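Structural overview for review
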Amino acid sequence: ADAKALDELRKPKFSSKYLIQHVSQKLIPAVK
Amino acid sequence: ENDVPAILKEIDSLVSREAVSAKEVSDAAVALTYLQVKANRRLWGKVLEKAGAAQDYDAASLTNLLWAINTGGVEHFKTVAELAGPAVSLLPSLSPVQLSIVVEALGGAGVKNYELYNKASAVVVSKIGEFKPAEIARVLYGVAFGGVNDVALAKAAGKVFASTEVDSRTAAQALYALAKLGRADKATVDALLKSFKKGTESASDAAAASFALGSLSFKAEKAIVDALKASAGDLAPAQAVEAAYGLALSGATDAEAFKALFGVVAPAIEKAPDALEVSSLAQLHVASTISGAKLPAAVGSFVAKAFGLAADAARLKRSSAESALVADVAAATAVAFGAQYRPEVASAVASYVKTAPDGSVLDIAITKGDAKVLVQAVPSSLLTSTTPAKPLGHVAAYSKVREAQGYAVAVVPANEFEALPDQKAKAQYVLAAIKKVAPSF
Amino acid sequence: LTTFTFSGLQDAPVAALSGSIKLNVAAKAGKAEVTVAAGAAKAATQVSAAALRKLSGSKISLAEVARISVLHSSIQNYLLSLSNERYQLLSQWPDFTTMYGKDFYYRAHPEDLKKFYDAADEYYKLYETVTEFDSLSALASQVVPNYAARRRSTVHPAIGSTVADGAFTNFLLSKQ
Amino acid sequence: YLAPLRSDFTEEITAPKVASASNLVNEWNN
Amino acid sequence: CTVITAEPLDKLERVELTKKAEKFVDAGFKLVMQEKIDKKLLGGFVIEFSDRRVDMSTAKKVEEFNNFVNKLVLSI
Amino acid sequence: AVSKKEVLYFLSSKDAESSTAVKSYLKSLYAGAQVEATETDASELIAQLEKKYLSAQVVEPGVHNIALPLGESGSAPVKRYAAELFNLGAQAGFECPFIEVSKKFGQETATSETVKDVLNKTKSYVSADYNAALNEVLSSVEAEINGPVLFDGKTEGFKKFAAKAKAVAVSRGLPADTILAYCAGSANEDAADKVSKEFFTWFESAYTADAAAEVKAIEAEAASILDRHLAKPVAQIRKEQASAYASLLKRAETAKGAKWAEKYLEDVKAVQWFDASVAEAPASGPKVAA
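Rules used in this analysis
- Residues numbered from 1 in each chain as written, not as in the entry; some residues may be left out.
- Chains lettered and ligands numbered in written order.
- Part of a larger assembly, values for the part shown.
- Heavy atoms only, no water.
- Salt bridge = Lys/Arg side-chain N within 4 Å of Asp/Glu carboxyl O.
- Helix = DSSP H or I, 4+ residues; strand = E, 2+ residues; numbered from the N terminus.
- Buried < 20%, exposed > 50% of the residue type's maximum accessible area, 1.4 Å probe, protein only.
- Axes fitted to C-alpha atoms, helices over the stretch in contact; angles between N-to-C directions.
- Parallel < 35°, antiparallel > 145°, perpendicular 65-115°, else oblique.
- Left-handed = near helix turned anticlockwise from the far one by under 90°.
- Contact = heavy atoms within 4.5 Å.
- Nonpolar A, V, L, I, M, F, W, Y, C, P; charged D, E, K, R; others polar.
- Patch = residues over 30% accessible without salt bridge, like charges linked within 9 Å, V, L, I, M, F, W, Y side chains within 5 Å.
- Areas by Shrake-Rupley, 256 points an atom, 1.4 Å probe, with all protein chains shown as cover.
- Buried area = accessible area lost by both parts, 1.4 Å probe.
- Polar contact = N/O pair within 3.5 Å; in protein donor to acceptor, adjacent residues only side chain to side chain.
- Expected span 1.5 Å × (residues − 1).
- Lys, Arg positive; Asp, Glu negative; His and termini not counted.
- Charge placed at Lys NZ, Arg CZ, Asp CG, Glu CD.
- Core = buried A, V, L, I, M, F, W, Y, C linked by side-chain atoms within 4.5 Å.
- Pairing = 2+ DSSP bridges.

In terms of determination method and resolution, the entry is listed under cryo-EM at 3.5 Å.

The PDB entry annotates chain F as Mitochondrial ATP synthase associated protein ASA4 of Polytomella sp. Pringsheim 198.80.

Take a look at the structure:
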């Protein structure tokens, strides 16, 4: 609802972090 | 006629208008720290927003504001590191008491401004007699935590601590500055240690004194520990962790002092396991293992696992002139155990990297059956910046917590590893260092 | 901040500088009797010498709540401060509505009157597009990915030409 | 307001290509 | 044959290298393993038989590593 | 679900979604859970690849929390910005940028013996205005010797090349003697500190000019983007932005099951919550639980 949290509201929203996580998850086993 | 929330409402409506200047911002923050308003975050945020917005600054208002930021325990790195414009531009106008306050309060926030710290150090060492010992201790704290390895101001502070007499809090501050600087100079630490005799008025002075003696690896003091044991309820758990870590690094046998130190930390961990940093839980496991004082059931194993996490995180984020040193020392260890060619050396280096029982990864760990050894490289970050260049307290911390795992830690420091000609001499030194710990290898 | 600070009741501010909030303390041996007045509400309490030392025990750690990110909000704040610099010169546009009367219609050349009405419609276009402020939050995302991929460096986020050139002198001019 | 997510690294270290001043102040003053 | 490496060869390294290079002859033939030095190789070895070649050096290994990484990342 | 090498990077991180994952992980370890064995394998190529693709996961939430000093007057917010980038690089696992680009130089030309292939293999990591000013000096030494001047240090041709390159370096504006006397070390702490303070003065001016150049690039891009946007009538702007928003929504909406897709749509839900929460009470900001 309203008044979510502060540590949930400190997140930088549309940063990448998960395209990086997707490439690091689909690359590292396949390069190993 | 004496109310906190109504005057909080009026101070909130003071900084919520459009065009508040520097002086009302400063006096709002000063009044907020004198009213102890850590529970209200948003009003502090309004004050720091208007503190960032105000463009004029006299010396007194910038000094009052940075004092309020410092003793209020509030960090916001953007508005504090942006306050250094008024600190460099109003530097000749500052009185040395205000200069001490601005340099300390910008040093505590990790502000990386070399022009400010060089121009404050030049002012202090060019006119040293105009400064009280508290003032040189605060400027030493500010330049020490600001990423400057200023040793000329460390010598000029050591001169005044050699001639004159300081308070308890002033000596604890300068000890904390020399402990982050990594100094371990007996002619200054021993000159500041004679101030902790008439009692420490607050516990944080004794806590930072014990931590500075632990991280400089001197001794226990037998009076800092008791002044800390009579007041170990005042401290936040991340302060009592660092106090107990500095005490166990300093060889403390007071069971009641460590009991009072853990009596605030372990219920705080049992209330919130995450509230302390993983480096602080590692400091608690070090202090629990070297001193041997007990923790509850879900705290000691937890901070052992957190020490394993912190040793791994110190492995992954190495300095890469340290990973070269680990490669060099593992090559010398594989040579000293018998290998005269490259492939035996390389296979033994890759087979010396057995893992620890808590979960961490040890670089050079050799097991001859029932006897285990460990070789650890101490690069430059864990070495004292003075001329003996002895290793710091974290070295002995890692050593004394690995030794209680079943290992025998043989310190190989890079001041005594770099001056050798070849890999045979380095193998000789590593072999002499392993034999000096356990001669059964 | 650090874990051990050393401020409180020692070279402290003892009096206000503003006329809007009136603070005063009582600097005694250990303790301090403060009195603070901010308008019609008053507070006059007492802080101990070991009471300001425990103030920096719990850290505040002020962190920002933004709509998208602090980066995107800083870029959007700059775009709005550029839109204001355009809007301040749309504010100095000469009032063409005073010359809309028919005593300027039939006095003027037909082509100059058509030019004048085209100029008025051009002002309305410029003014309606400089006050489309909710498009700034979409313009600011056309600066974010190029900048954020500049800081996704293999070397270091804070790297640049000058530091790499200085270290190239240090690499080259030392032996090998 | 939302942006295309990119996942690529910058290997080279170049000067950041300060773009040219547009003519909007001159055109609106004209 | 001709072997080109990065370092002067060691007396266990040489036995392992002539042990590996006898696999590549498709007979019971002998081999006059020659030695050469090239610091451009980052270690490893290149066995040149004048009609065959293996490149177990580190230079082609990191080149193939970078190429497989740069080919994989554009498909994910 | 942290994978025991991702969480080892987020222990010293200070942003939101990494520290929340660490807090959930540490509350898992408080409730009697074992920690996984840290893997001592995957030889140094995969090690530096995991470091490269794992420090990006600490840098990318960290860049979007660092506000640019756009349109500011003074070197204090530029120094705030460069210091926040330094703290971000130290949280992500990088060292000092001087040390890291020196390590990139030593990693690039470790097997090159002429100065010309040092200049041709460190080409990207230096500016073109400096690489040309070194290539002409190298060509002049090649005219003086008519032999490839080798990069040894004991070869005298390198010495008479470096005696011009130091003048090139100081004429560019950076004191090569201060840098060399810092990175070589000194005898006592006083004459080491006397050059450490001057190298940090140069280094502060160096990264400050770097961050200032980056901010001037973003300022020129923002001015060009705005001056190209203010030339359009409003209906063109609105249809272009609705088209861009809808197309970039559906680019995440077609791909389903991935983490970035659900994170993107959870972020759009959080943005719409922010607009609703600022709509409910607009003179007090958004509602935060306190």
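Before going further, it helps to examine the pattern of salt bridges. Taken as a whole and judged by the stated rule, the model has 42 salt bridges over all chains. Across the pair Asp12 of chain B and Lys46 of chain B runs a salt bridge, and its minimum N-O distance is 2.8 Å. Taken together, the residues span a long stretch of sequence, with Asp12 of chain B in helix α1 (residues 5-14) and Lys46 of chain B in helix α3 (residues 41-53) at a distance of 34 residues. Residue classification places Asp12 of chain B among the partly exposed positions, given a relative accessible area of 24%. Of the charged contacts, one joins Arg152 of chain C and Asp8 of chain D as a salt bridge, the two residues approaching to 3.3 Å between their closest N and O atoms. Within this pair, whereas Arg152 of chain C is found in the loop between α5 (144-150) and α6 (161-173), its partner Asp8 of chain D is found in the segment before α1 (24-29), the two belonging to separate chains. Here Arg152 of chain C falls in the buried class, since its relative accessible area comes to 2%. For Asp8 of chain D, a relative accessible area of 27% puts it in the partly exposed group.

Moving on, we get to the packing of helix α13 (residues 203-216) of chain B against helix α15 (residues 237-248) of chain B. Residue and element names in this part refer to chain B. The N-to-C vectors of α13 and α15 enclose an angle of 45°; their axes lie 7 Å apart at closest approach. Overall, the two elements α13 and α15 adopt an arrangement that is oblique. Here α13 and α15 pass one another in a crossing that is left-handed. Contact residues: α13 offers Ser204, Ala207, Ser210, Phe211, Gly214 and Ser215, while α15 offers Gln239, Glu242, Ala243, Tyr245, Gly246 and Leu247. Here the residues of the contact of α13 with α15 sort into five nonpolar, six polar and one charged.

What follows deals with a nonpolar patch on the surface. Residues and elements named next belong to chain C. Together, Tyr100, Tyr105, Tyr106, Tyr117 and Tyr124 make up a nonpolar patch on the protein surface, roughly 540 Å² of accessible area in all. As for its position among the elements, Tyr100 is in the loop between α1 (70-90) and α2 (102-105). Among the residues examined, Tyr100 registers a relative accessible area of 33% and is labelled partly exposed.

Time to look at the interface of chain C and chain B. Taken together, the 45 residues of chain C in the interface contact 57 residues of chain B. Interface area, chain C with chain B, both sides summed: about 4,900 Å², of which 62% is carbon and sulfur. Viewed at the interface, chain B and chain C are joined by one salt bridge. Residue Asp205 of chain B is joined to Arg53 of chain C by a salt bridge in which the shortest nitrogen-to-oxygen separation is 2.7 Å. At the surface where chain C touches chain B, the tally comes to 23 residue pairs in polar contact. Contributing elements (two or more residues each) for the side of chain C that touches chain B: β3 (35-38) and β4 (41-43) of chain C.

The next subject is helix α10 (residues 234-254) of chain F. Across its 21 residues, α10 of chain F extends 30 Å between first and last C-alpha, which sits within 8% of the 30 Å expected from 1.5 Å per residue. Where the residues of α10 of chain F are buried, they touch α3 (110-130) and α4 (136-139) of chain C together with α9 (189-229) and α11 (259-280) of chain F.

Right, let's talk about a positive patch on the surface for a bit. A cluster of like positive charges, contributed by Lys175 of chain C together with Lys154, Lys159 and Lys160 of chain F, occupies part of the molecular surface. By secondary structure assignment, the location of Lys175 of chain C is in the segment after α6. What makes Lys175 of chain C exposed here is its relative accessible area of 59%.

Moving on to the nonpolar core. The biggest cluster of nonpolar side chains holds 256 residues, and the ones touching the most others in it are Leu106 of chain B together with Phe168 of chain C. Sorting elements by how many residues they give to this core places α9 of chain F first, with twelve residues. Membership of the second largest hydrophobic core comes to 23 residues, among which are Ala334, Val375, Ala410 and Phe417 of chain B.

With that settled, the discussion passes to the sheet that holds strand β2 (residues 35-37) of chain E. All names here are of chain E. Strand order in the open sheet made by the four strands is β2-β1-β3-β4, with mixed pairing throughout. The strands lining the two open edges of the sheet, one partner per strand, are β2 and β4 (53-55). Strand-to-strand twist in this sheet, taken as the mean axis angle between neighbours without regard to direction, amounts to 15°. Looking at chain direction, strand β1 (residues 2-5) and β2 are connected through three bridges and run parallel. Pairing of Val3 across the sheet is with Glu35, part of β2. Across the sheet, helix α1 (residues 13-21) touches β1, β2 and β3 (45-48), and the angle it forms with β3 is around 45°.

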